[PDB]
Amino acid sequence: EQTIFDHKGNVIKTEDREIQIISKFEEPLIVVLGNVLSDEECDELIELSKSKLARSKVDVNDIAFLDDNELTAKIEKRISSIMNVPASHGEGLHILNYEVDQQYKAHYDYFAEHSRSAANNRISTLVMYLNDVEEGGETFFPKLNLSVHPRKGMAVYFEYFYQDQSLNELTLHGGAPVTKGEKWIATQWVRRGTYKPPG
Amino acid sequence: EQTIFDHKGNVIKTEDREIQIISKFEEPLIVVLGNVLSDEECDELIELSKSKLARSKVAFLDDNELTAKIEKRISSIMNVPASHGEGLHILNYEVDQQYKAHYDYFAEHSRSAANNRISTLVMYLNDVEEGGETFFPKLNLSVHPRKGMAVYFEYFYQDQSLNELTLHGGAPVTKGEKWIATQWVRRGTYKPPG
Ligand SMILES: O=C(O)CCC(=O)C(=O)O
Ligand SMILES: O=C(O)CCC(=O)C(=O)O
Ligand SMILES: [Co+2]
Ligand SMILES: [Co+2]
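Shown next as structure tokens:
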């Protein structure tokens, strides 16, 4: 099958940065990427997460995705070149923190048949590692026996838009328990069609 | 099965450097490793290769302090004493050069098979403009060259079909050039005593 990700060679030359292609698992397509985010961009994304939370009072505490800003739009543009899909298909920079012994149990990123979101389903994912994880925290694909270990500024790309649906089901993945330290990530989930309202 | 490479977590701490564990294919074990050699160490290994060729009596490097220090770091990574290593084998690909898919271990009934290879570390000593990936055709997996990085894999399994899955090669270099050092590790001590 043809893939969305359409990049030959060892680097991806985007407008503001050069991405390194580190390794590939060819089908379903899984790619480890280097140099995706600067150290300072990783730190700044974390900070935006903590600030948005620090502004919660009784958004209301009683009732995730960063607010759009110069930094998030610059990063979404860069991601857009990597993923070969316009930024408007992106759900936005979703920030996630794992404390020790937290994990993300294996799942599919594309939506179940019963979600209304399945009207415009997800097609591909980028997981960016915003810090270094003392122990644990690997992104693992249990049906492929593959795992990507977190590393600040690196990312894992994968897609699930294949005609053969058994290939999409191979993209079952999760975030392994953090056994020491903590883990910060940004995820960009990309939809088949435009997702953000115009701007 | 258990594996030779025995390293939990995300870094491997050696005496002089901290290696980064980047990605793992679990079986046969294939590991992408980061921060294995400094840029200075990479360049110096290339120059040693070139200088050794200059003295040509028309290649493994000769033993010196650098190679011993690197081989000691590698032994920590691979969990096997350096005396098992064949030595730093330097290899240069020019454009359109390739290493067709092969096994690193010797045929079971070859002369060298009495002390067969059990694991390989391929260290990328420069950046390759295009091509030159280390590919495992039966596994649909490739590791692209990155200066300072490396790929580890082992083929010491009881189930021989696992070892056969370690078939691999060096894809053609289509732009630039490619330099690598390889450490091939033997089941038993290999270097004469020193
Ligand atoms: O934490 C991880 O490594 C996996 C994250 C993930 O699966 C997701 O964000 O969709
Ligand atoms: O050049 C490569 O990437 C492959 C090296 C290799 O197969 C070996 O040294 O045994
Ligand atoms: Co996910
Ligand atoms: Co080989």
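If you're matching them up, the sequences are chains A and B in order. Numbered by the entry's author numbering, the letters in the first sequence go through residues 12 to 69, 74 to 78, 84 to 219 in order. Numbered by the entry's author numbering, the letters in the second sequence go through residues 12 to 69, 84 to 219 in order. Cβ coordinates follow ideal geometry from the N, Cα and C atoms, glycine included.
Taking a contact as a CB-CB distance under 8 Å, the pair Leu91(B) and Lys63(B) does not count as one, their CB atoms being some 13 Å apart. Against chain A, the CB of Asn104(B) has no partner CB under 7 Å away; the residue lies outside that interface. Chain A places no beta carbon closer than 7 Å to that of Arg212(B), leaving this residue out of the contacts. Taking non-hydrogen atoms of ligand 2 into account, the C-beta of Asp129(B) is found less than 6 Å away from one of them. Two segments are said to touch when three or more pairs of C-beta atoms, one from each, lie closer than 8 Å; by this definition the region 45-55 of chain B touches the region 171-183 of chain B.
Note on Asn76(A): under 16 other CB atoms within 10 angstroms of its CB, so exposed under the neighbour-count rule. For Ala93(A), the enclosing alpha helix (DSSP H) begins and ends at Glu90 to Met103. For a Cβ distance threshold of 8 Å, residue set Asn21, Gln31, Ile33 and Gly45 of chain A lies close to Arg171(B), ordered along the chain. Within 6 Å of the C-beta of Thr191(A) there is not a single heavy atom belonging to ligand 1. Sixteen is the threshold: since fewer than 16 other Cβ atoms of the shown chains lie within 10 Å of the Cβ of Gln183(B), the residue is exposed. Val43(B) has its Cβ no nearer than 6 Å to any heavy atom of ligand 2. Three or more Cβ pairs closer than 8 Å define a contact, and the region 117-124 of chain B meets that threshold against the region 197-214 of chain B.
Closer than 7 Å to the CB of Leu166(A) there is at least one CB belonging to chain B.
Listed in chain order, the beta strand (DSSP E) runs fully inside the region 135-188 of chain B are 142-149, 159-161, 166-168 and 175-179, counting runs of at least 3 residues. For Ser60(A), the enclosing alpha helix (DSSP H) starts and ends at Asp50 to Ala65. Distance from the CA of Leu192(B) to the CA of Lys163(B), rounded to the nearest whole angstrom, comes to 7 Å.
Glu38(A) reaches chain B at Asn165, counting residues in chain order whose Cβ is nearer than 8 Å. Taking non-hydrogen atoms of ligand 2 into account, the C-beta of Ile23(A) is found less than 6 Å away from none of them. Excluding five sequence positions before and after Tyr130(A), the CB atoms of its chain that fall closer than 6 Å to its own CB belong to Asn141, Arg142 and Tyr180, given in chain order.
Proximity of chain A to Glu155(B) at the Cβ level (cut-off 8 Å) is accounted for by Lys19, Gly20 and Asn21, in chain order. Ranked by how close their Cα comes to the Cα of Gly195(A), the residues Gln185(A), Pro217(A) and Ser167(A) have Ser167(A) in first place.
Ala107(A) sits in a helix when the DSSP states are folded into three classes.
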